[PDB]
Amino acid sequence: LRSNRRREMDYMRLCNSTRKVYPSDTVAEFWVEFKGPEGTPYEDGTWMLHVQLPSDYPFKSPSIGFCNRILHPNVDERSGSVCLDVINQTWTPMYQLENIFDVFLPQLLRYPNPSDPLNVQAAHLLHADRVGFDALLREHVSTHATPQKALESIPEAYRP
Amino acid sequence: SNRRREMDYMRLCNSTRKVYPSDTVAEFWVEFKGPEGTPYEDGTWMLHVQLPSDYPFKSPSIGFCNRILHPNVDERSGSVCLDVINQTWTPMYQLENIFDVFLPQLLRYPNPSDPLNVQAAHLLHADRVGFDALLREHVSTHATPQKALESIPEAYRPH
Amino acid sequence: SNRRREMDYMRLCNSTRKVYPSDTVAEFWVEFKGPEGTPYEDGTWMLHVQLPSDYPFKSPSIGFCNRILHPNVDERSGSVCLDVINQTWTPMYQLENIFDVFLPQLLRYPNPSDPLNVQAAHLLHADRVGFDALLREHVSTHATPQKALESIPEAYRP
Ligand SMILES: [Cl-]
Ligand SMILES: [Cl-]
Ligand SMILES: [Cl-]
Ligand SMILES: [Cl-]
Ligand SMILES: [Cl-]
Ligand SMILES: [Cl-]
């Protein structure tokens, strides 16, 4: 693991705040608590995000994965990984890491990005019957996206 | 079809913002409150927002439906100066920031672009204090929540 | 003369921010609160902000009038490292973000630029927990709302 001082700075700034950040053994990997945006079927949901910062950060974007289950066209259902193409449309070397959590993810949950879906089934349901899809979402969220399920989705070695 | 226009419209609607739809994603009305600490602070306006076919490479157009006095806003039509919008707009710009950042900042103090309301520009530079009083009065009569709601075309106004 | 500087000064003043004017748009004082979740969180400072004649092509200068301990700030003069400001500043940068984003983020963790305060850099590296305790105590004595107010030059102090 190499001495990237931009990665170190941004990790420390994220931790030195009111955000709920659970560390690994390195600044390259950590877990961040995330709340679904108000006014969406995700609004009552809590998720744990697996965030990784690459060795050439911030020239390469962070990777983001939902640890507990989420249903979203741009998110792989099994792994939780957020589509790399969608992240790269927003990310630049000047982009503020905080805005991933404050702007990018909430906006993404408000309506998907038109990028080729990682969850094809969610894309199909959204376009066929949005009202029914939203009801399906709310139910899924109430069961999978509790604060408790988010907490237990942190790997045991780093779970409080 | 313009998938980016669709996306940004839907994200605006799927929020706590007060957005009143037309029959298409290309046109809609948004409630807007004047920024605190300005003569506009007690005002409510309805914004006529249009998203062009080549959005977001071409910027949205923005119009105040109920009356506002501002150097960069055409008094009769309510249209916000296109040159002023283009100084801020880029294909990467977030549509929400038009309402959250661009418009509030604009109302805090005008952009030095050739004014659409030349009277407002001259009053502002001759006597700022008197102009601010003139604004507060105009705002208290024309920028009520009621006047904002009524300025939505009848076909799309909540009944 | 400089219409952009005039515009950005007026927008800063026409808000809920606490801005204390000088005799010109080129120089003024802004109240600043330390960011929550840091050893600076209970702090209030007065910032000496100067907008140059070639603004916004040249960045503003920022000085902490009442004392702060931070690797990227010279305590004696108060001045925020010019190199750090220039990493963020561009002619399209919004002045409000200096106060809302740039300074709060800087206080959460220093920029790796050669420190103006070498003492603070050494303390942070050697023992972060002890340094954060040192910070909290310093802040409680030097960064009160009263000390921030008194640090404005008497000619422009309310
Ligand atoms: Cl660590
Ligand atoms: Cl997106
Ligand atoms: Cl529609
Ligand atoms: Cl502007
Ligand atoms: Cl002045
Ligand atoms: Cl910085």
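Things worth noting here:
- For segment B:29-58, the set of residues classified as within 14 Å of chain C (Cβ to nearest Cβ) and in contact with an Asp or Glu (Cβ under 8 Å, 6 or more places away or on another chain) consists of B:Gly34, B:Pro35, B:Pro39, listed by residue number.
- From the list B:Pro71, B:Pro91, B:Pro39, B:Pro35, the one residue that fits, being within 25 Å of A:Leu109 (Cα to Cα) and more than 16 Å from ligand 5 (Cβ to nearest atom), is B:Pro91.
- Residue within segment B:90-99 that is surrounded by 16 or more Cβ atoms within 10 Å (Cβ to Cβ) and closer than 24 Å to C:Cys13 by Cβ present: yes
- Residue within segment B:102-115 that is more than 26 Å from C:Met92 (Cβ to Cβ) and either of a type in the set (S, T, N, Q) or part of a loop (DSSP other than H, G, I, E, B) (or both) present: no
- Test: residue in segment C:15-22 that is β-branched (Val, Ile, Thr), out of contact with any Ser or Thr (no Cβ under 6 Å at 6 or more places or on another chain) and touching a residue at least 24 places away in the same chain (Cβ under 8 Å): no
- Residue match in segment A:77-84 (condition: under 25 Å from C:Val101 (Cα atoms) and without any contact (Cβ under 8 Å) to a residue 24 or more places away in the chain): no
- Any hit, segment B:32-41, residues being more than 11 Å from ligand 3 (Cβ to nearest atom) and of a type in the set (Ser, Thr, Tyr): yes
- Tally, over segment A:1-28, of residues that are loosely packed, with under 12 Cβ neighbours inside 10 Å and at the interface with chain C (Cβ under 8 Å from one of its Cβ atoms): 2
- Leading residue by the ranking (farthest from the other protein chains (Cβ to nearest Cβ)) among those in segment B:119-132 that are in contact (Cβ under 8 Å) with a residue 40 or more places away in the chain and either aliphatic (A, V, I, L, M) or in contact with an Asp or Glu (Cβ under 7 Å, 6 or more places away or on another chain) (or both): B:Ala120
- Segment C:62-87 - residue that is among the β-branched types (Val, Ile, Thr) and touching a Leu at 6+ places or on another chain (Cβ under 9 Å) and, of those, farthest from the other protein chains (Cβ to nearest Cβ): C:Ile62
- If you go through segment C:8-52 and keep only what is in contact with a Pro (Cβ under 6 Å, 6 or more places away or on another chain) and part of a loop (DSSP other than H, G, I, E, B), you end up with C:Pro35, C:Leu51.
Where a number appears in this text, it was derived from the coordinates with a stated rule and is not lab data. Please note: Cβ atoms are built from the backbone with ideal geometry, for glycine as well, and neighbour counts cover all protein chains shown.
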